[PDB]
Amino acid sequence: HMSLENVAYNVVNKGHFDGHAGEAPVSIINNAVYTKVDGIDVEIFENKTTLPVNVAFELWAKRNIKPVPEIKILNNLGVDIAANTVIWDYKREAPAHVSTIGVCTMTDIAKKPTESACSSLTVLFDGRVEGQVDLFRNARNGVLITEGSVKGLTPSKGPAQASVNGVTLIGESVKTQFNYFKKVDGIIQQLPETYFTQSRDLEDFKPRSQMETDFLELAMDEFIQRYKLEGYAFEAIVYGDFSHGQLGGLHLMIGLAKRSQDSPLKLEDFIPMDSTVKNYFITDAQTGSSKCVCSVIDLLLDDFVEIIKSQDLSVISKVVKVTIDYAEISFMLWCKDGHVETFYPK
Amino acid sequence: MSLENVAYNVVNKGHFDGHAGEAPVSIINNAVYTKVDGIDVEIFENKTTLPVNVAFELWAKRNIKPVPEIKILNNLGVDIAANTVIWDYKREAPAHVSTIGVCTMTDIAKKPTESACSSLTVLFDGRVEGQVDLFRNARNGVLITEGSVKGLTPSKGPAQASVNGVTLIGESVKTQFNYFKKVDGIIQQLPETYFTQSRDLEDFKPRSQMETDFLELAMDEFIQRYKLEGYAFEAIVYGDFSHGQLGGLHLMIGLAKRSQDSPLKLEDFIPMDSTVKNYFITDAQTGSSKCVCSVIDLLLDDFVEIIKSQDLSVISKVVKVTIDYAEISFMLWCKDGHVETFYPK
Amino acid sequence: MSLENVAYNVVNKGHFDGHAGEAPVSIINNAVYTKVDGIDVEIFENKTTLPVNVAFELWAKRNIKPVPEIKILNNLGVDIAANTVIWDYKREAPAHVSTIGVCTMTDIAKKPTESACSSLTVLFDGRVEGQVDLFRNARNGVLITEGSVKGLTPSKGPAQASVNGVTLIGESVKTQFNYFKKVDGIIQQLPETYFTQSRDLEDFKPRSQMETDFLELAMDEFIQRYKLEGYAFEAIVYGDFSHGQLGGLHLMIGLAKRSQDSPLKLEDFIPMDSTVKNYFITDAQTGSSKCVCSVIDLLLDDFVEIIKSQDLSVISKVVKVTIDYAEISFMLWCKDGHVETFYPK
Amino acid sequence: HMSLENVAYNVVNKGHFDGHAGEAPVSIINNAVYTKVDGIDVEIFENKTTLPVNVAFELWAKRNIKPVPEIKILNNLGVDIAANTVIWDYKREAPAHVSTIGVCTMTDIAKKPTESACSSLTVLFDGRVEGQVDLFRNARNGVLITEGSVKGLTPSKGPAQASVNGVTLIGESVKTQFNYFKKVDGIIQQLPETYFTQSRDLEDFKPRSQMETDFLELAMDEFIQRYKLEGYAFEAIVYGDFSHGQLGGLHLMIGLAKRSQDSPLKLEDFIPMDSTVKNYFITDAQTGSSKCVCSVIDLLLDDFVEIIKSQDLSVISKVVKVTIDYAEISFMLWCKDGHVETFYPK
Amino acid sequence: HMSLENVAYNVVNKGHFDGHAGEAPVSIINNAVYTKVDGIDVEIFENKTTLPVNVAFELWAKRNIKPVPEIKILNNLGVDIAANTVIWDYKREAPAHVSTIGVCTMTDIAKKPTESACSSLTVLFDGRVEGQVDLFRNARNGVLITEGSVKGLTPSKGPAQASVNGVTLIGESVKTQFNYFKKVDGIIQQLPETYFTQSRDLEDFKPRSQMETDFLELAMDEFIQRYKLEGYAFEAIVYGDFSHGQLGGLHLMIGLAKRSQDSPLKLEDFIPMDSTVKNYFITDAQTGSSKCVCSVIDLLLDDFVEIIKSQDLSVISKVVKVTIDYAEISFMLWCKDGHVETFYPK
């Protein structure tokens, strides 16, 4: 049934593991996989994981190719493992999770998600596959994602985007927005009210609201004026300060895309794992201004305006907690009289 | 003649020149380094299955003249090359397992006249002394030439060739070769062929009025302008993104039309060059995707000619089109005298 | 003093900073991995020839301030840097073999004063506490500062420096440095220099009216406007793509002009940065190619000045030009009072 | 049917490849094959070859485990490829041949030794397997080994030793001495009359004739006397001279075994490959005497006597041909006025 | 001229590097060198060093095949680099020195030892090679070794043993006892008078004097009395106490050799390179006694008795400098009322 040659067969004739019978000849060398075609080798996989080459290969081939949650959502929810699939982290070119359930005999800690060894683990269940709802229903720890309503349970509307083959997108011919359900120590949990990150890169950044379009096109103070934002210090928080040797402002992703129109930015991703709050070691080409550990987060400007506009400016320093991507993010908020002085992560 | 010699040539003449000389060389991490100003600068990353030092040799001796695209040699049964290395720039490896009089570690022979060559189809380049003649004396081979060969009928090959991993139509250098094949001592007579345009999606440009009309105009305008109704272009060429699994996108230009507006991810799951390519495509705008999309880059005009010259009486048949010197099988489905679907087998 | 301490600094502060703490590490595949929520995430890929753990320490101990481009340091004969690492992002490796007070595994000393350093041209930085005084007390060394130095004549350096692998003319930060040198105890009078412009072919931009005009205007309309006939710009700068052999393109801007019409393939066969670069260039448009093209960036104005201030009576000479603090030898050919050709070495 | 996991299943259960269906879980790492046993990895193969680790594993497991000719004897007959089996070189820890016939998808040049790609190669045929003798007749280039007689064909008695699982021995419970038959370009060959290397190791050298028993026990001049050999230079050819900075003679293996009885010798086997004539960088521990490249060959002492005794002694130096292990071995024989001064391989 | 393919050619034909013209086909893979002999690859080198595989190869082949000083003697004398040769450390299968002179372009710091680069380094010179005696005279720092006597310089008789191709021995057919001369900063040095370590293995230990034979033969106090040694507690210093879980005594190699006649001793050479004083994690297989870091030093007993008997045993605990192998080794001497309590280094 299950073999390296069989996995390779699927990879070359079907583009991923499908479960078709067959064998393809394989060379393992240089932490990579090659197959013979017309007497010559053509590389079909490159191991970027800390797993043995043939194991990582089996898991990669067994990718979940349907729309799946972005790993940051899964991380923020406490997901430790997935039930009978592999959630592939495309930007680390690695599996999202340590172990496995019913996928690969080398990494499996169970063949079925409700075995004793999964008892203590928060297991991802997919409602789209037959009978995983009822598996979740009597599982100690887990997360359930569904497309439709679930009888007896209150849903938390997840984010609009999902990951489809490493492409993170809003579905149109396919459903990307899931309902989330969580279970901890045997009991149903109510997920918090959250904002959701927008999940845009700096290269392909597109605006997603009238306010965002206005943010890119208009000058600093003519924008601050239009949306009545004076006293919320967009210049020190959102915009970015490039006048000094040390870098300032530039906390939001959209504020970065603004400079990107004039000047290129280098972002060293020193810890290259996807998270709600990304820290970059940023260098500005135009000025020379640089900052290691510059925290950056992609919220809709509207969401951000709504965050900061609902804030009591009557004290020196508050600890402000905002729930984003299912995680509780801590901000320091410094206010003077009725002016916001600064706003930033901990 | 040696590692340190190959290195010297590489750093001082950009490749192997047959120059005498030697540079100190450091082998580590499946790579070649040479010392300049007392520090190591990498000059070769080995991405082959051959031992590091051997790959370096064969890479350096990579033929730097216009040579045929590797897919053409493959379709033609070319098993080996005479006294040169045809380097595969898409895999970063030699096109062939063994060599002839190139490197001791891979040579099966020193000359294509030797016995161990007799059963192999050797590529002969008429641009070098006596190789035209060697071809006449070989049992199995493919000859490429720029001009006429006396007493032999030529097959006009594709306009493109590869110069240093860049595939182009030569203006200042000749890229369109003549082709001759021999099997078991008999001159075989090569088929009438179409040639694939070998274009990338990321730099795709139209090469006729029809292709230009295809990229600019709405689906219906184009279909009507070229009276193509019933030939199922909406289901074969254009690409349907309305469902979970995506349809169409059988030609390269159909993909290029999408890319204009929104991007496609193309997983090249078996990454070697071929007439027909299969990509695991995801459509970014939509979420529609398909494992194994066969994509062939044919001039739209050539495809139009192909499909229009077909009998739509039968419910479905096998259609053989000679493309890039290979014989490709298509499945042609029909209902009531119009094309339903059309795809490689 | 721990792989884990270096690691902690990298994940938490972006690089080595001096903060106490320890992050868990896995070493595999010539790379450093760290654990975040039970899964391994790669924080370093070793592309150097040094042990993976050593290279990691040195990479983390990068100099993050604006520092000179390594070509300048090489041209100056700098063997080592005082209490810092000059990272080479082009090769992703340290610019120098060993270190001073940086890493215990490669240190040849803790301070740039002691015996081992005596015979090595040490790089000193005037921006760090009393390193100017360490320069005064050294046999061999090069000093960079921002302002004036007591009793020392400055050499005005290039406008650009490198900040975190990005070459720049700093607006919020000083990139132009003052250069001082010392050979076997004696302060040197550094020669007058042209400086190389450091532009890439991808993002090339003009920096003078003359350069703008060169990119915009037709060949002889530029030469006529700039009183340049008989200076052989047609042969030297512009680029000839009409033969199998490729001619011209001795300046970066020449390649920039062609790239406006069609792309060029550049094999950087020896991939270290330097005043004069040599590329294996293929012209996509025509098929023209040349394996060893000596090239790189001088202001077109700088080059015009150089070629014009030359006596053009002798049939051929060797000409010395001090670029990037280094004497570059050129061959200058002349027939009947007009320039024929002009090229490096 | 075939796979990496299948091969491991065979190896862990049956000790080598058997054709048993089934799969064992595997980690390829560090050019080595690991299998999971009770939670922990146990290394079951270590790639010492230039082939991909997984291809080498497959080839190894498919060892011919019955008595097979030693590799040197096969190389002297110019055997390029074995027919539907794998001869394992235990001194190299590598397959004896480059390619394969009907053994492995990665290395096969053909499936049957009856195909076109085989005509020009000398193929090892084994009478111990059905239809192979018959196959030999038709195939143009080949060497056939048998246990008994072949109707209509002249046998050639091969050496008494053969290899069983990398243990070279003379069979008592199993037959090891084969008749050899060779064939070139269509025509059935006539094999030269041969001596055979006795192929004994240094640490456990055992005498195989009364002459050898006496050689070891009796002193130098006592042996030469008892066996009538004065003027055949046994003192400077066989026994070995350790009086000079450079070691002399020791042409015969038993010569080293003799000197070993007293004090030890370091042997840098600088080319670790089986062959009729072995070359060593010997260093004598007792004296300091040493020599780069000493041609050391293990002949039955009786055989060497016969070789030198049938030798003419007229000229001052002749080049002599001696057929050992089916290979014509050249020797330089120096005669002076009546005595062999020295006699060594070219 | 010089190349990898040339070095290879030398190894497969001359046993080491000789300077012969020719080339051999080579494969570099898995930190090893292979050569093609009749269609197949035979490994001829395996890299155990921290240098690029090809570089370690250039150096290993250019081994000193002559009798050479043992590494400890050089390490104790401060030799940093040999002139125009590699001193191979066979224990580490690595070279003994960081750099090289006129040996290999990739590791040379000078083509001749007279260059500026060499002047701050103690350069090993061999009196057996043309003019290196003269080069020593004009050198700032260095160590000379000669067979015979040198004009106008006071010699120092070295150890009777030297290393011949890794094999440490007393030369009988070739000289291993060297004369030692040393310069520091232009000035000649009169070297300290010294005992030499006997450099013997436990695996094949032999006695070297009547006193040592009596040690290995006679029981404890019978021997102690016989040599008027009573009052020094060899019980705690030499013989080794095994009655405790923590291993007692056993500070001499011959002492180790005694216990080795009755029961095996496991030795972990956890810092495996050769030196005058060697530390081991020792485990006695009979009792179960164990001790990490027991300084084992192989002095001849006649030497050790001389060291201890020429000692004033008044002060309770003392520091003693003994010169062994041209190095000054510090010792701690303990004494209770005129008799010896304990004696070890540090």
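In the annotation of the PDB entry, chain A is listed under the name Uridylate-specific endoribonuclease and assigned to SARS coronavirus.

Per the PDB entry, chain B goes by Uridylate-specific endoribonuclease and derives from SARS coronavirus.

## A few points about the side chain of D:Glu58
Tracing the backbone through its elements, the reader meets D:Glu58 in helix α2 (residues 53-61). In contact with D:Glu58, not counting residues within four places along its chain, are D:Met2, D:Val7, D:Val103, D:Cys104 and D:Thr105.

## Overview of the interface of chain C and chain B
Taken residue by residue, the interface counts 29 residues in chain C and 31 residues in chain B. Of the roughly 2200 Å² buried between chain C and chain B on both sides combined, carbon and sulfur atoms contribute 58%. Put simply, chain C and chain B have 1 salt bridge between them. The shortest N-O distance in the salt bridge between C:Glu267 and B:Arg62 comes to 3.2 Å. For the pair chain C and chain B, the number of links is 11 residue pairs in polar contact. Of all the secondary structure elements, the ones that give two or more residues to the side of chain C that touches chain B are β16 (264-267), β17 (277-283) and β18 (289-295) of chain C. Among the residues forming the side of chain C that touches chain B, the class breakdown is 11 nonpolar, 13 polar and 5 charged.

## Looking at the relation of the copies chain C and chain B
Take chain C, turn it by 120 degrees, move it 0.1 Å along the axis, and it overlays chain B with an RMSD of 0.4 Å. Such a turn and shift between the copies fits a three-fold axis. Among all C-alpha atoms of chain C, that of C:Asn29 lies closest to the rotation axis, at 5.6 Å.

## Overview of the domain arrangement of chain A
Interface size is commonly expressed as the accessible surface area that is lost when the partners come together. All names here are of chain A. Each domain of chain A was delimited in the assignment, giving domain 1 (1-65), domain 2 (66-191) and domain 3 (192-346). Look at where the C-alpha atoms of domain 1 and domain 2 centre, and you get two points 25 Å apart. Facing the 12 residues of domain 1 at the interface are 21 residues of domain 2. Each partner contributes to the roughly 1400 Å² buried at the junction of domain 1 and domain 2, and carbon and sulfur atoms together form 60% of this total. If you sort the residues of domain 1 by the area they bury against domain 2, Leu59, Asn64 and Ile65 come out on top, with a joint share of 44%. Connecting domain 1 to domain 2 are 0 salt bridges. Across the contact surface, domain 1 and domain 2 share 4 residue pairs in polar contact. A breakdown of the residues in the side of domain 1 that touches domain 2 according to their chemical character gives 6 nonpolar, 2 polar and 4 charged.

## So, the sheet that holds strand β20 (residues 340-345) of chain D
All names here are of chain D. Judged by pairing direction, the sheet is antiparallel, and its 3 strands sit side by side in the order β18-β19-β20 without closing on themselves. Of all strands in the sheet, those with a lone pairing partner are β18 (317-324) and β20, marking the two edges. The mean angle between the axes of side-by-side strands here comes to 25 degrees, regardless of whether they run parallel or antiparallel. Examined bridge by bridge, β18 and strand β19 (residues 327-335) share 8 bridges and lie antiparallel to one another. Within β19, the residue paired with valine 320 across the bridge is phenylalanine 331.

## Considerations on the environment of E:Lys258
Residues and elements named next belong to chain E. You can see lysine 258 is positioned in helix α8 (residues 253-259). Each C-alpha atom, one on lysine 258 and one on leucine 216, is 5.7 Å from the other, the two residues being 42 residues apart in sequence. When sequence neighbours within four positions are dropped, the list of residues in contact with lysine 258 reads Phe215, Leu216, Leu218 and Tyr239.

## Things to note about the domain arrangement of chain B
Residues and elements named next belong to chain B. Once the domains are mapped, chain B shows domain 1 (1-64), domain 2 (65-190) and domain 3 (191-345). When each unit is reduced to the centre of its C-alpha atoms, the spacing between domain 2 and domain 3 is 31 Å. Taken together, the contacts link 16 residues of domain 2 with 15 residues of domain 3. Taken together, the two surfaces of domain 2 and domain 3 that pack against each other cover about 1200 Å², and 52% of this comes from carbon and sulfur. Ranking the residues of domain 2 by area buried against domain 3 places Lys71, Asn75 and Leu190 at the top, with a combined share of 43%. The interface formed by domain 2 and domain 3 includes 1 salt bridge. Linking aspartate 324 and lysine 71 is a salt bridge whose minimum nitrogen-to-oxygen distance equals 3.9 Å. Between the two partners, domain 2 and domain 3, sit 6 residue pairs in polar contact. Secondary-structure elements contributing two or more residues to the side of domain 2 that touches domain 3 are α3 (70-75) and β11 (155-156). If you tally residues by element for the side of domain 2 that touches domain 3, the top one is α3, at 4 residues. For the side of domain 2 that touches domain 3, the residue count by class is 5 nonpolar, 7 polar and 4 charged.

## What to know about helix α5 (residues 209-216) of chain B
Along an α-helix, residues three or four positions apart point the same way, because every turn accommodates 3.6 residues. For α5(B), the set of buried residues is B:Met210, B:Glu211, B:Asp213, B:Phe214 and B:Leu215. For α5(B), the secondary structure elements touched by its buried residues are α6 (219-225), α8 (252-261) and α9 (300-308) of chain B.

## Side note on the pattern of salt bridges
Taken as a whole and assessed by the stated rule, the structure comprises 74 salt bridges over all chains. Linking A:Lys62 and A:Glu58 is a salt bridge whose minimum nitrogen-to-oxygen distance equals 3.1 Å. In this pair, the class of A:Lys62 matches that of A:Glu58, namely buried. As a salt-bridge pair, B:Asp88 and B:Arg91 come within 3.0 Å of each other at their nearest N and O atoms. We classify B:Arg91 as buried; its relative accessible area is 12%. Look at the salt bridges and you will find they share partners, linking A:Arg63, B:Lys265 and B:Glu267 into a network.

## What to know about the interface of chain E and chain B
On the chain B side, the residues contacting the 19 residues of chain E number 18 residues. Taken together, both faces of the contact between chain E and chain B bury some 1500 Å²; the carbon and sulfur share is 56%. Counting across the interface, chain E meets chain B through 0 salt bridges. Counting the contacts that link chain E with chain B gives 8 residue pairs in polar contact. At the level of secondary structure, the elements contributing two or more residues to the side of chain E that touches chain B comprise α1 (4-14), β1 (26-29) and α2 (53-61) of chain E. Of the residues forming the side of chain E that touches chain B, the biggest block, 4 residues, is contributed by α2(E). Tallied by class, residues from the side of chain E that touches chain B come to 9 nonpolar, 5 polar and 5 charged.

## Focus on the packing of aromatic side chains
For the structure on display, the rule yields 65 aromatic pairs over all chains. Ring centres of A:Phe125 and A:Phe136 lie 6.0 Å apart, and the angle between their planes is 65 degrees; on these two criteria the pair is classed as edge-to-face. In this pair, A:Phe125 is assigned in strand β9 (residues 123-126) and A:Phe136 in helix α4 (residues 132-137), connecting sequence segments 11 residues apart. By the ring-pair criterion, three or more aromatic residues cluster together here, those being A:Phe215, A:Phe223, A:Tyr227, A:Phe234, A:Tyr239, A:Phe304, A:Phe331 and A:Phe343. Of note, B:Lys182 hangs over the ring of B:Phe135, and the distance from its end group to the ring centre comes to 5.9 Å.

## Looking at the nonpolar core
Ranked by internal contacts, the top residues of the largest apolar core, which has 54 residues, are B:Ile43, B:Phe56 and E:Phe57. Of all elements in the fold, only α1 (3-13), β1 (25-28), β3 (39-45) and α2 (52-60) of chain B together with α1, β1, β3 (40-46) and α2 of chain E reach the threshold of two or more residues within this core. With sequence-adjacent residues up to four places away left out, B:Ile43 is seen in contact with B:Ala7, B:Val10, B:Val11, B:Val32, B:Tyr33, B:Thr34, B:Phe56, B:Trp59, C:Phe269, C:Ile270 and C:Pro271.

Reading the values: rules and limits
Counting starts from 1 on each chain and follows the sequence as written, independent of the entry's numbering; residues without coordinates are not shown. Whichever chain is written first is A, and whichever ligand is written first is 1; the rest continue in order. Note: displayed chains form a subset of a larger assembly, with all reported quantities computed for the displayed subset only. Processing note: side-chain calculations cover all non-hydrogen atoms of the structure and skip hydrogens and water entirely. Residues with missing side-chain atoms are left out of burial classes, side-chain pairs and their counts. A run of DSSP states H or I qualifies as a helix once it reaches four residues; a run of E qualifies as a strand once it reaches two. Both are numbered from the N-terminal end. Working rule for contacts: check all heavy atoms of both residues, and any pair within 4.5 Å makes them a contact. By buried area we mean how much accessible surface two parts lose on assembly, using a 1.4 Å probe and totalling the loss over both. Salt-bridge detection follows one rule: a side-chain nitrogen of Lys or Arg within 4 Å of a carboxyl oxygen of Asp or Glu. Polar contacts here mean pairs of N or O atoms no more than 3.5 Å apart (in protein, one a potential hydrogen donor and the other a potential acceptor; neighbouring residues in sequence count only if both atoms are side-chain atoms). In this classification, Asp, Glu, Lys and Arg are treated as charged, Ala, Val, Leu, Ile, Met, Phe, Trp, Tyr, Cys and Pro as nonpolar, and every other residue, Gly included, as polar. Superposition of the copies is done by least squares over their C-alpha atoms. What marks off one domain from the next here is an automatic or database domain assignment. Two strands qualify as a pair provided DSSP detects at least 2 bridges between them. Axes here mean lines fitted to C-alpha atoms, for a helix over just the part in contact, with angles spanning 0 to 180 degrees between N-to-C directions. The classification of residues rests on relative accessible area computed with a 1.4 Å probe and restricted to protein chains. Under 20% of the type maximum is buried, over 50% is exposed, and intermediate values are partly exposed. Each pair of aromatic rings taken from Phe, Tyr and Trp, with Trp reduced to its six-membered ring, is defined by centres within 6.5 Å and is described as stacked if the planes are under 30 degrees apart, edge-to-face if over 60, and tilted in the remaining cases. Remark: a charge is flagged as sitting over a ring if the NZ atom of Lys or the CZ atom of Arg is within 6 Å of the ring centre and within 35 degrees of the ring normal. Definition of nonpolar core: a set of buried residues of the types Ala, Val, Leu, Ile, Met, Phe, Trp, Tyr and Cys, connected through side-chain atoms within 4.5 Å.

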